Amino acid sequence: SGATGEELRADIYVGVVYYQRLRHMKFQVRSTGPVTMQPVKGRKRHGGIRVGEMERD
DNA sequence: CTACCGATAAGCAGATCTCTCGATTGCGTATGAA
């Protein structure tokens, strides 16, 4: 282990494998700004998030 | 004889979560100053 420094209980299964990186890299936040006087739609437009009917339920 | 309405095959309106990007915006034809 790297914190205690003691040996682990069992031998770890370690090896080399081929690993690929994907392109799915998203976060949005608003307080005021663009706006039926309701806030605009769109992440890139500084919009909000719609509270759907199921959310109201 | 017959007015009214309850047994019988068929026409109209309506239906089926949230988010990010990208792309795109039918096709046609006439008047009048020179």
# chains A, B, ... in the order shown; residues from 1 in each chain; ligands from 1
>>> interface_residues(of="chain A", to="chain B", cutoff="10 Å", atoms="only C-alpha atoms (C1' of nucleotides)", output="CSV table (one decimal) with N, CA and C atoms, in the first residue's frame")
chain,number,residue,atom,x,y,z
A,26,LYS,N,-19.7,20.5,-20.6
A,26,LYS,CA,-20.7,19.7,-20.0
A,26,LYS,C,-21.4,20.4,-18.8
A,42,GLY,N,-30.4,26.6,-23.6
A,42,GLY,CA,-29.1,26.3,-24.2
A,42,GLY,C,-27.9,26.5,-23.3
A,43,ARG,N,-27.1,25.4,-23.3
A,43,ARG,CA,-25.9,25.5,-22.4
A,43,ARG,C,-25.0,26.7,-22.9
A,44,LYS,N,-24.7,26.7,-24.2
A,44,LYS,CA,-23.8,27.7,-24.8
A,44,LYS,C,-24.5,29.1,-24.8
A,49,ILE,N,-32.2,25.3,-16.9
A,49,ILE,CA,-32.6,23.9,-17.0
A,49,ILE,C,-34.1,23.9,-16.7
A,50,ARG,N,-34.8,23.2,-17.6
A,50,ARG,CA,-36.3,23.1,-17.4
A,50,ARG,C,-36.6,22.1,-16.3
A,51,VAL,N,-37.5,22.6,-15.4
A,51,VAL,CA,-38.1,21.7,-14.4
A,51,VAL,C,-39.3,21.0,-15.0
A,52,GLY,N,-39.1,19.8,-15.4
A,52,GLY,CA,-40.1,19.1,-16.1
A,52,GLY,C,-41.4,18.7,-15.3
A,53,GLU,N,-42.4,18.2,-16.0
A,53,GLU,CA,-43.6,17.8,-15.3
A,53,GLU,C,-43.3,16.7,-14.2
A,54,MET,N,-42.5,15.8,-14.5
A,54,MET,CA,-42.1,14.8,-13.5
A,54,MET,C,-41.4,15.4,-12.3
>>> select_by_dssp(residues="chain A", states="alpha helix (DSSP H)", output="ChimeraX atom specification")
/A:53-56
>>> write_last_selection(atoms="N, CA and C atoms", output="compact mmCIF listing (two decimals), in the first residue's frame")
# COMPACT_ATOMS: atom_id res chain seq x y z
N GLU A 53 -42.36 18.17 -15.97
CA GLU A 53 -43.59 17.80 -15.28
C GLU A 53 -43.33 16.75 -14.22
N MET A 54 -42.47 15.77 -14.52
CA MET A 54 -42.14 14.78 -13.51
C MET A 54 -41.38 15.40 -12.34
N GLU A 55 -40.55 16.42 -12.61
CA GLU A 55 -39.90 17.13 -11.52
C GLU A 55 -40.91 17.85 -10.65
N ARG A 56 -41.92 18.47 -11.26
CA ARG A 56 -42.99 19.10 -10.48
C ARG A 56 -43.74 18.06 -9.65
>>> atom_distance(atom1="CA of residue 45 (chain A)", atom2="CA of residue 33 (chain A)")
9.9 Å
>>> residues_around(residues="residue 32 (chain A)", least_positions_apart="3", cutoff="9 Å", atoms="only C-alpha atoms (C1' of nucleotides)", output="NGL selection string")
:A and (35 or 39 or 46)
>>> closest_residue(among="A:14, A:8, A:47, A:40", to="residue 27 (chain A)", atoms="only C-alpha atoms")
A:47
>>> atom_distance(atom1="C1' of residue 22 (chain B)", atom2="CA of residue 30 (chain A)")
24.6 Å
>>> atom_distance(atom1="CA of residue 41 (chain A)", atom2="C1' of residue 21 (chain B)")
14.3 Å
